[PDB]
Structure formats: C-alpha cells, structure tokens
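**Student:** I would like to see how this sequence folds:
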Amino acid sequence: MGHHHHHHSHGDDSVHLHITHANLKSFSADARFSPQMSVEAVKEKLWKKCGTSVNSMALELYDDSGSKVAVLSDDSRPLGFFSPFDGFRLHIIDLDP
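**Tutor:** Numbers count the residues shown, from 1 in each chain. Below is the structure:
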C-alpha cells in the first residue's frame, strides 16, 4: 500500500483543543473547533440532544504552565480572541462513570 497526501489550501480558523477523557491514560484527540464557539453553546447542544445534566462532567482547562485558565468568563468569549494558543489542555473530569 502507499500513502495519500492531499493538501487543499485553506487558511481556516480553528484551534487544536486537546480533549483528554480522564477514563483513559492518554486520549489524544485534538479536534479542530472554530474558536467562535462559546461554552454556553456546546452545553445546551448536548443538553437538548441527550436530555441530561452535565454537572458531573467538569472541564479542567489547563494551560502549558499547569494552571486552569478557565475563569468561567470565557463562557461567552471567543477563545481565539482571548488567548493565542495552538491548543488548550482539556482534561475532562468525568466523574459520572
């Protein structure tokens, strides 16, 4: 077999959020998300879909230093307008097993 390498030039605006599920040791899922998405939006999006309380699932948003940069004021602020980072550390504290 060979290897497919297709480069289609598009300077799209999306950050590489490293979503790590605490149930796993290393869950390498850096999904491209448009940084115009608010925390408010993603909550109700799953809320209306599943119909459940996402209270037992906390979002420990860490930086490169090792502190939680989630101040909850970011709930309504464009991530890509607040802090210049290629990808933030999303360690999901999923306490609902």
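
**Student:** so what touches the longest helix along the chain?
**Tutor:** As assigned by DSSP state H, the longest helix anywhere in the chain is helix 39-50. Contacts to helix 39-50, defined as CB atoms under 8 Å, 6 or more residues apart in numbering, come from residues 54, 59, 74, 75, 76. Where you see a C-beta, it was placed from the backbone N, CA and C, and this is true even at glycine.

**Student:** which residue is nearest the middle of this protein?
**Tutor:** For the chain, residue 17 is the residue whose C-alpha lies nearest the centre (CA atoms, centre = their mean; 4.4 Å).

**Student:** got phi/psi on that residue?
**Tutor:** Per-residue torsions, residue 17: phi -70, psi 120 (degrees, to the nearest 10).

**Student:** circling back: of the contacts of helix 39-50, buried ones?
**Tutor:** For those, a neighbour count by 16 or more other CB atoms under 10 Å gives the buried set as residue 59.

**Student:** now the end-to-end length of stretch 55-66.
**Tutor:** 23 Å (CA to CA, to the nearest Å).

**Student:** err, stretch 41-60, not the other one
**Tutor:** First-to-last residue span, stretch 41-60, CA to CA: 18 Å.

**Student:** buried ones in that stretch?
**Tutor:** Here stretch 41-60 shows residue 59 as buried, counting by 16+ other CB under 10 Å.
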